[PDB]
Structures are given as structure tokens and as C-alpha cells.
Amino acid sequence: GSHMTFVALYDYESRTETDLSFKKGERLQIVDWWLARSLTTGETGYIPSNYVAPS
């Protein structure tokens, strides 16, 4: 109901073709690794869920 929007707690650099880089403070909408869309870049890929918190 609002539990699909998150904010990055830490920077993260992509390792693979399927993960998504992000910066601390970047917000992510969810579509241990979650499929997300960056609300900064619109790119969609997997993120480590422990790197983000509810926003």
C-alpha cells in the first residue's frame, strides 16, 4: 500500500548484467535480491534488499 517503495542506505555498483547500480538516497520501486525500478534513472534490475529501507 506503500511498502513497495524504498530508499538506498548505501551506494551499490552493479556486478553483472542483471543488477542495478544505485547511490545512497536513490529511491527504488519494487516490481534477498529484489527486482526494482530506479526512480532516478528508470532502469529496472535486481538489487540487494538489505541495501534499501522503506521510503
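Residue indices: 1-based, along the sequence shown.
- The segment from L9 to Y10 is modelled without interruption, since every residue of the deposited sequence in that interval carries coordinates.
- Per the PDB record, residue ranking by Cα B-factor puts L35 in the middle third of the chain.
- Split the chain's modelled residues into thirds by C-alpha temperature factor. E13 is in the highest one.
- Per-chain ranking of the deposited C-alpha B factor places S2 in the highest third.
- Per the deposited record, the Cα B-factor of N50 falls in the lowest third when ranked against the other modelled residues of its chain.
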